[PDB]
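*Asks:* Those protein sequence lines, which keep their order, are chains B, Z and X.
According to this note's numbering, the first sequence is numbered sequentially starting from 4.
According to this note's numbering, the second sequence is numbered sequentially starting from 4.
According to this note's numbering, the third sequence is numbered sequentially starting from 92.
First the structure, then my questions, so here it is.
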Amino acid sequence: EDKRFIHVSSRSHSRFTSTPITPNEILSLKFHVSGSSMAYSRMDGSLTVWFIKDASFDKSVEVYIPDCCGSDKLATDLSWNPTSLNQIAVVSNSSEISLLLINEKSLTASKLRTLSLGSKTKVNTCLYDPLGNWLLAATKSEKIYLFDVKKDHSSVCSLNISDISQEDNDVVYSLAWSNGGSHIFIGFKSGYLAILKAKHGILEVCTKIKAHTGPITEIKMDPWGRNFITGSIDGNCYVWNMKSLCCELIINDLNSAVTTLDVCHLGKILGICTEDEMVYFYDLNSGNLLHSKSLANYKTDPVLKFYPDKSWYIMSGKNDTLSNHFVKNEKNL
Amino acid sequence: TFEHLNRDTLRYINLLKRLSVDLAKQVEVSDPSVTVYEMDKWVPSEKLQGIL
Amino acid sequence: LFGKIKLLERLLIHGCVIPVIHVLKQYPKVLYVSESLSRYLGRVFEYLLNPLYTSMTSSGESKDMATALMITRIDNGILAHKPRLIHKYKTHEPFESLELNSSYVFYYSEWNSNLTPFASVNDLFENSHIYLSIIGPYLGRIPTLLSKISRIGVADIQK
Numbered sequence: 004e005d006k007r008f009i010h011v012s013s014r015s016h017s018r019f020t021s022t023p024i025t026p027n028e029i030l031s032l033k034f035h036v037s038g039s040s041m042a043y044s045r046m047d048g049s050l051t052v053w054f055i056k057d058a059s060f061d062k063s064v065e066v067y068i069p070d071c072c073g074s075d076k077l078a079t080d081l082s083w084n085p086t087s088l089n090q091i092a093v094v095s096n097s098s099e100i101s102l103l104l105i106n107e108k109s110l111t112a113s114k115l116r117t118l119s120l121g122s123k124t125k126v127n128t129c130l131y132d133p134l135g136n137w138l139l140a141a142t143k144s145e146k147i148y149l150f151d152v153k154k155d156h157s158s159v160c161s162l163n164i165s166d167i168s169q170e171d172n173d174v175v176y177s178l179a180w181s182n183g184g185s186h187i188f189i190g191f192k193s194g195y196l197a198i199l200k201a202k203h204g205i206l207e208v209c210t211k212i213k214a215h216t217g218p219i220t221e222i223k224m225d226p227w228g229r230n231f232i233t234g235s236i237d238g239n240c241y242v243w244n245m246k247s248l249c250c251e252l253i254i255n256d257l258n259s260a261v262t263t264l265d266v267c268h269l270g271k272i273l274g275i276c277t278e279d280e281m282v283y284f285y286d287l288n289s290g291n292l293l294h295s296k297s298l299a300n301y302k303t304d305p306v307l308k309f310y311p312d313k314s315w316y317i318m319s320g321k322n323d324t325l326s327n328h329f330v331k332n333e334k335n336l
Numbered sequence: 004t005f006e007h008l009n010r011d012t013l014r015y016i017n018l019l020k021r022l023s024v025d026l027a028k029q030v031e032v033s034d035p036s037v038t039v040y041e042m043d044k045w046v047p048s049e050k051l052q053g054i055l
Numbered sequence: 092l093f094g095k096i097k098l099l100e101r102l103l104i105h106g107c108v109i110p111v112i113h114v115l116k117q118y119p120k121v122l123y124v125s126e127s128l129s130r131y132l133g134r135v136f137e138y139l140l141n142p143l144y145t146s147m148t149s150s151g152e153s154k155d156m157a158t159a160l161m162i163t164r165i166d167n168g169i170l171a172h173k174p175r176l177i178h179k180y181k182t183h184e185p186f187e188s189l190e191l192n193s194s195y196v197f198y199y200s201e202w203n204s205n206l207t208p209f210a211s212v213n214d215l216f217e218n219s220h221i222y223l224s225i226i227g228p229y230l231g232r233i234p235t236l237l238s239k240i241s242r243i244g245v246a247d248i249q250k
């Protein structure tokens, strides 16, 4: 366990005497279940996929490319494919669902396809199945779609949002696939938790429960399939089990709003990142509020993400934007 | 010949639970619909079982 | 830690409810002493109601045994698909746990054979004057049991 620094061009930007803003922003970060790739995305910078073979971080710098999704729009989130190792489903802001390939032998990145279903206003959410047999592209404005991947990317069915809930024009902040791949957990704006059945190609809602009274920010899942953890704009971060669909723990540490939730691959530590530049860690099987660490982050917005294979700690949060990787953190002081 | 009988009855009991050498349990997985495995009901192959 | 109060709460862990109900009706102020004697009248009552609760909210929880599935640990080199390996250990603590690699189940597996779950509503209005008059204002320590009785009551008017 020692502090080791992450070697991208973001550390060279701040090391020079450059005044105004050295990198710009971070939009999304997703892992493939292999646990060796990365989708490090920026706003006007570069979406940089990474492939480090054996060393900690100081082996090689793989690829940075600004002109990957074009030169006019940005990409909301980058979904990796569980079936194909060389496939990343990037969805641009306005009208592009393109599908890219990466090459290890060459310093380039090629594109396999760019399929689109028309009258696409803004698709901001794309995520594959945990087994990699479906793709639910969901707009926050009009309706939610459903495709496949095993034969090709062909549409099957779609559901309009106004049939799910009936209050007002609601925004879909975050939604999450089930762990078997058979259900959809979707998080509304007024604190509704709706459960949609997506077996193979049919999309129908089961029930809706009132989680709390705010925008449900994130929804994560337990690798042992006992429970699922939600976030909030309030201080609440409940833990709902699945066999009875009631609440078990309550993480009542209401000092700010909640922005980022992660779990561990063993399912022990819950990592909550708030808006006062304070991060936490907790326990799932143990009692309610039993911290292991709290860390004061600096003035800018951080992000938090856990590896799928072994417990290694990715935070961001340097002076403008840089990521930190904490090695061998089984104890963490 | 009776005091030699009970001495070897204890040695028989001490070879059924307390020394009791087992196989090297190598995992065998075929169905991707179970997603969990317990290492207490692993039954070996029939060509290895019928010899044993 | 030692004495009658440990005897009175180790009889509720296993199955023996008929002596403890007879004691806690004689001396009701045996509570306010240990907070653990209310969690074990809740684990007994949660067993008698969980077959009932999963019948009214049926098709959600019937798919939620299909929702309760685990991630399979895959490999990077040869593209494998392997499930997870757990172990089953036995302890003396009544509530189920799950460690990094193992589960902890209660050792006395026939603890529930004295008790019997019941029918729709006409026994839940009968088995609550017995059990829920002992822990009267004390279901606030068992907050999951307070949801499961009210989720029955909303799904009984809707049905």
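All C-beta atoms in this analysis are idealised placements derived from N, C-alpha and C, irrespective of residue type, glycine included.
#1: Identify the contact partners of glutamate 152(X) in chain B, using a Cβ-Cβ distance below 8 Å as the criterion.
#2: Go ahead and pull the three-state DSSP assignment for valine 114(X).
#3: Could you tell me whether the Cβ atoms of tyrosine 229(X) and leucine 122(X) are closer together than 9 Å?
#4: Residues in its own chain within less than 6 Å of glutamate 251(B) by CB, not counting five upstream and five downstream?
#5: Span of the alpha helix (DSSP H) holding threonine 235(X)?
#6: In angstroms with no decimal places, state the Cα-to-Cα distance between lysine 154(B) and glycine 135(B).
#7: Along chain Z, in chain order, which residues have C-beta atoms closer than 9 Å to that of residue 60(X)?
#8: Look at the Cβ atom of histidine 178(X), then the Cβ atom of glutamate 31(Z), and state whether they are nearer than 9 Å.
#9: Can at least three beta-carbon pairs, one atom from the region 153-173 of chain X and one from the region 230-239 of chain X, be found at a separation below 8 Å?
#10: Could you check the C-alpha separation between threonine 86(B) and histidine 186(B) for me, to the nearest Å?
#11: Could you name the residues that DSSP lists as bridge partners for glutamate 41(Z)?
#12: Hey, is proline 234(X)'s beta-carbon within less than 9 Å of any beta-carbon in chain B?
#13: In whole angstroms, what is the alpha-carbon distance linking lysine 28(Z) and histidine 183(X)?
#14: With a Cβ-Cβ cutoff of 9 Å, do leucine 88(B) and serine 31(B) count as a contact?
#15: Helix, strand or coil for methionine 156(X), going by three-state DSSP, please let me know.
#16: Using 8 Å as the threshold, is the region 15-25 of chain Z in touch with the region 318-331 of chain B, meaning 3 or more CB pairs across them?
#17: Would you please state the rounded distance, in angstroms, between the beta carbons of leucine 199(B) and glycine 190(B)? I believe it to be under 8 Å.
#18: Is the CB-CB distance between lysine 143(B) and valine 175(B) below 9 Å?
#19: Looking at the C-beta of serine 188(X), does it have a partner C-beta in chain B at a distance below 9 Å?
#20: How big is the Cα-Cα spacing for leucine 325(B) and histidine 215(B)?
#21: For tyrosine 131(X), which of helix, strand or coil comes out of DSSP?
#22: Answer yes or no: does any C-beta atom of chain X fall closer than 9 Å to that of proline 47(Z)?
#23: Which residues in chain X sit within 9 Å of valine 24(Z), going by Cβ to Cβ distance?
#24: Three or more C-beta pairs closer than 8 Å, one from the region 207-227 of chain B and one from the region 113-120 of chain X: is that the case here?
#25: At a CB-CB cut-off below 9 Å, which residues of chain B make contact with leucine 215(X)?
#26: With 8 Å as the C-beta to C-beta threshold (strictly closer), list the residues of the region 132-158 of chain B near chain X in chain order.
#27: Between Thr128(B), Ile164(B), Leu149(B), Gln90(B), which lies nearest to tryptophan 137(B) when the distance is taken from Cα to Cα?
#28: Could you pull the start and end residues of the alpha helix (DSSP H) that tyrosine 222(X) belongs to?
#29: Identify which residue in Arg134(X), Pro185(X), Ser193(X) has its Cα closest to the Cα of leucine 176(X).
#30: Closer than 8 Å: is that where the CB of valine 208(B) sits relative to any heavy atom of the ligand PLP?
#31: Would a C-beta distance cut-off of 9 Å place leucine 99(X) and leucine 128(X) closer than the cut-off?
#32: On the three-state DSSP scale, how would you describe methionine 281(B)?
#33: Taking one C-beta from the region 60-76 of chain B and one from the region 116-132 of chain B each time, how about it: are there three or more such pairs within less than 8 Å?
*Replies:* On the basis of the supplied data:
#1: Within the third sequence, numbered from 1, the residue matching residue 152(X) stands at position 61. By Cβ distance, chain B contributes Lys246, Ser247, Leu248.
#2: Against the third sequence, residue 114(X) aligns to sequence position 23. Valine 114(X): helix per DSSP, three-state reduction.
#3: Residue numbering aside, residue 229(X) sits at position 138 when the third sequence is read from its first letter. Residue numbering aside, residue 122(X) sits at position 31 when the third sequence is read from its first letter. Taking the C-beta atoms as reference points, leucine 122(X) is found nearer than 9 Å to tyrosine 229(X).
#4: Taking the first sequence and counting its residues from 1, one reaches residue 251(B) at position 248. Hits under 6 Å: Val242, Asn244.
#5: As a working mapping, residue 235(X) is identified with position 144 in the third sequence. Counting along the chain, the alpha helix (DSSP H) containing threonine 235(X) begins and ends at 234-249.
#6: Indexing the first sequence from 1 puts residue 154(B) at position 151. Indexing the first sequence from 1 puts residue 135(B) at position 132. Cα-Cα distance, rounded: 12 Å.
#7: It is not possible to answer for residue 60(X), since the shown part of chain X is limited to 92 through 250.
#8: Along the third sequence, one-based indexing puts residue 178(X) at 87. Along the second sequence, one-based indexing puts residue 31(Z) at 28. Taking 9 Å as the Cβ cut-off, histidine 178(X) and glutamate 31(Z) do not qualify as a contacting pair.
#9: no
#10: To locate residue 86(B), count along the first sequence from 1; it is residue 83. To locate residue 186(B), count along the first sequence from 1; it is residue 183. Roughly 20 Å between the two C-alpha positions.
#11: Mapped onto the second sequence, residue 41(Z) falls at position 38. Looking at the DSSP output, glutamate 41(Z) sits in a beta bridge with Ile177(X).
#12: Translated into the one-based positions of the third sequence, residue 234(X) becomes position 143. Interface residue, yes.
#13: By 1-based counting over the second sequence, the position of residue 28(Z) is 25. By 1-based counting over the third sequence, the position of residue 183(X) is 92. Those two C-alpha atoms are separated by around 28 Å.
#14: Here residue 88(B) corresponds to residue number 85 of the first sequence, with the count starting at 1. Here residue 31(B) corresponds to residue number 28 of the first sequence, with the count starting at 1. Not a contact, by the Cβ cut-off of 9 Å.
#15: Start at 1 with the first residue of the third sequence, and residue 156(X) comes out as number 65. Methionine 156(X): helix per DSSP, three-state reduction.
#16: With a cut-off of 8 Å, the region 318-331 of chain B and the region 15-25 of chain Z do not count as touching, because too few Cβ pairs lie within range.
#17: For the purposes of this step, residue 199(B) is taken as the residue at position 196 of the first sequence. For the purposes of this step, residue 190(B) is taken as the residue at position 187 of the first sequence. That belief does not hold up - the Cβ atoms of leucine 199(B) and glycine 190(B) are roughly 12 Å apart, past 8 Å.
#18: In the first sequence, the residue the question calls residue 143(B) occupies position 140. In the first sequence, the residue the question calls residue 175(B) occupies position 172. In this structure, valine 175(B) lies closer than 9 Å to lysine 143(B) by Cβ.
#19: Here the question's residue 188(X) lines up with position 97 in the third sequence. It does; some Cβ of chain B falls within 9 Å.
#20: In the first sequence, counting from the first residue as 1, residue 325(B) sits at position 322. In the first sequence, counting from the first residue as 1, residue 215(B) sits at position 212. If you take the alpha carbons of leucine 325(B) and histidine 215(B), they lie about 34 Å apart.
#21: Along the third sequence, one-based indexing puts residue 131(X) at 40. Residue state, collapsed to three classes: helix.
#22: Counted from its first residue, the second sequence places residue 47(Z) at position 44. It does not: the Cβ of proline 47(Z) has no partner Cβ on chain X nearer than 9 Å.
#23: Mapped onto the second sequence, residue 24(Z) falls at position 21. Near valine 24(Z) there are no residues of chain X at all, since even the closest Cβ is about 20 Å away, more than 9 Å.
#24: no
#25: Your numbering for residue 215(X) matches position 124 in the third sequence. Correct list: empty, because the minimum Cβ distance to chain B is about 16 Å.
#26: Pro133
#27: Here residue 137(B) corresponds to residue number 134 of the first sequence, with the count starting at 1. Ranking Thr128(B), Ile164(B), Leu149(B), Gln90(B) by Cα distance to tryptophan 137(B) puts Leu149(B) first.
#28: On the third sequence, position 131 is the one that residue 222(X) refers to. Here the alpha helix (DSSP H) through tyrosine 222(X) covers 219-222.
#29: Stepping through the third sequence from its first residue, residue 176(X) is reached at position 85. Comparing Cα-Cα distances from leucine 176(X) to each of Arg134(X), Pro185(X), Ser193(X), the minimum goes to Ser193(X).
#30: Looking at this structure, you won't find the ligand PLP or any other ligand, since it has none at all.
#31: Within the third sequence, numbered from 1, the residue matching residue 99(X) stands at position 8. Within the third sequence, numbered from 1, the residue matching residue 128(X) stands at position 37. Cβ atoms of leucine 99(X) and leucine 128(X): closer than 9 Å.
#32: Within the first sequence, the letter at position 278 stands for residue 281(B). It is a strand residue.
#33: no
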